[PDB]
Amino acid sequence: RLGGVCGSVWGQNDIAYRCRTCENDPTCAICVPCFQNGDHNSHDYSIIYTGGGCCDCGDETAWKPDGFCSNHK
């Protein structure tokens, strides 16, 4: 749609997605809804336990733009 940066904050034991294909570095991660509203088919992704943090979807300095979801472009 006509045009963000994902807020979402995780608590200590909240899950998220790591995507080794899209991440800017290994400490990056995106929340589950952003993972599911993007395209990671051939990608080397994994569910992780975050230990806390915030979703990088929409932040070109933390995540490759081709890995952004529908709502953060």
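Whichever C-alpha set is largest while still superposing within 1.5 Å between the two forms counts as the rigid core. Heads up: residue numbers just count along the shown sequence, starting at 1.
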| Quick one: with the core lined up, is it 26-34 or 44-52 that wanders further in 8 other deposited structures of this protein, going by C-alpha RMS? | 44-52
| task | Superpose on the core, then say which of 6-14 and 57-65 ends up with the larger RMS Cα offset from this form in 8 other deposited structures of this protein. | result | 6-14
| So which stretch wins on mean C-alpha B-factor, 7-15 or 21-29? | 7-15
| Entry-reported Cα temperature factor of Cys57, expressed as the chain third it lands in | lowest
